[PDB]
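Protein chains in written order, with the UniProt record's numbering: chain E, 63 to 123; chain V, 146 to 218.
To start, the structure under review is shown below, and the notes come after it.
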Ligand SMILES: Nc1ncnc2c1ncn2[C@@H]1O[C@H](COP(=O)(O)OP(=O)(O)OP(=O)(O)O)[C@@H](O)[C@H]1O
Ligand SMILES: [Mg+2]
């Protein structure tokens with residue numbers, strides 16, 4: 063009986079802590095992903111405007 | 146190779162330079178879109194494209210030309 067509860071508690075805490083550590087890491091991945099996405103969106107917006115200005119100029123031609 | 150950018154064509158029905166592939170379908174089945182896509186896709190492949198529009202509606206031909214122009218094709 064003693065060897066069981068301890069193992070459960072050992073294993074259990076290794077697992078809660080591990081799960082929350084993973085949460086942190088993701089909190090990290092997402093955090094990273096959000097920054098990348100934001101930059102990509104800005105560039106894409108830039109894409110649209112730039113290319114449409116090119117299209118304008120061609121229309122003027 | 147003559148690339149269409151259509152994975153269904155360029156994997157299973159490949160079209161090569163000097164070839165004649167027919168695009169056959171019903172009305173409004175997507176035939177023009179496939180052909181037009183091919184011409185739009187030769188943007189930097191250094192080929193010349195001709196689009197003969199036999200008997201096609203004047204507005205429709207104009208629409209195709211406008212689409213090509215917007216793309217820079
Ligand atoms: N890969 C595709 N994905 C989504 N829609 C498509 C695709 N290819 C064609 N279409 C749509 O199908 C519609 C009819 O296509 P399209 O006019 O190109 O075919 P069509 O056979 O030339 O018709 P028509 O007989 O009127 O000339 C178009 O509005 C087009 O947007
Ligand atoms: Mg058509």
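Positions of the beta carbon are idealized from the N, C-alpha and C atoms, including for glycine.
- Cβ atoms of residue 218 (chain V) and residue 184 (chain V) come within 8 Å of each other, at about 6 Å.
- Scanning V:215, V:207, V:197 for the CA closest to the CA of residue 122 (chain E) turns up V:215.
- Under the three-state reduction of DSSP output, residue 179 (chain V) falls in the helix class.
- Taken atom to atom, the span from the alpha-carbon of residue 175 (chain V) to that of residue 101 (chain E) is near 36 Å.
- Contact holds between the stretch 178 to 195 of chain V and the stretch 148 to 155 of chain V, because three or more Cβ pairs, one in each stretch, are under 8 Å apart.
- Short note on residue 117 (chain E): C-beta not closer than 7 Å to any heavy atom of ligand 1.
- Within the chosen limit of 7 Å, ligand 2 does not reach the beta carbon of residue 107 (chain E) with any heavy atom.
- The CB of residue 166 (chain V) never comes closer than 8 Å to any CB in chain E; the least such distance is about 31 Å.
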